[PDB]
Every structure is written in C-alpha cells, then in structure tokens.
C-alpha cells in the first residue's frame, strides 16, 4: 500500500531515528500507557513505571520489529508473520490499541525529529504504522 514516495519518506525518517530506535520505542510505550491507561492491562505482570527496565526492554523489541518492517516494506504481511499470530490470535489485542500506540509513536517521533517530521513525512509514517497495524490485526480469524 505505501507509494514509492511514502516508502522513501519512511526509510529516510527511520534512518534519522538511527541508533535511537529502542529509546523512542520505550518512550512511545510510556506515552501510550500514561495517556491510555487501559493499554496497561495487556501487560498485567509488568512494572510499567517511568524508567522500568521492562518498558525499556519491551521498547527495544517493538523498535526492532519496526526496523524489520522498514527493511521489508514490500512484504509487511511476511515480515510480520509471527508477530501477527502473537498479537491477533494468541493475545487477542483489540485493534483500537494499535491506533493508540501508532499515535504515541508519531508523538515521540515529532518530539525528537522536528526538522525531519514534515507534513509529508507525518502522512507517510501515519500510513506505514496503519499498515503495520493492519498486518498485526490480520490473524484473529
């Protein structure tokens, strides 16, 4: 679904993210949990306080999966195969939650990359996260 221009925008933006991917993943989760506290209920045995090593560790894993997606924009369903089973079929995550995390990631990226986060780049990243979200919610069946 991403256009050529979208794919370029996403790759360049993720490029600027650089070695800060895990840090931003952790910030996005933190923002999601604080702004939308119901999301915490998917992580019942986590300590989700600010600076929790579990939020930091989980942030890193979410960021890595996003990096894998960025490297595989032509086949998101295949790149995200295992994760889609995990979130849709195993964990039954309500599709709303992906919107909440996607928005939390846009917030985090706009904060840290204000000179790269143009309207055009915001729209491409929005589409990319919606596309990742579609894949991750495709195996409820």
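Positions refer to the first chain, counted from 1.
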{"query": "Average Cα temperature factor in the PDB entry - higher stretch of 58-66, 42-50", "finding": "42-50"}
{"query": "Residue stretch of maximal mean CA temperature factor, 101-109 vs 72-80", "finding": "72-80"}
{"query": "Highest recorded Cα temperature factor - choice among 130, 17, 10, 120", "finding": "17"}
{"query": "Among modelled residues of the same chain, the CA temperature factor third for residue 87", "finding": "middle"}
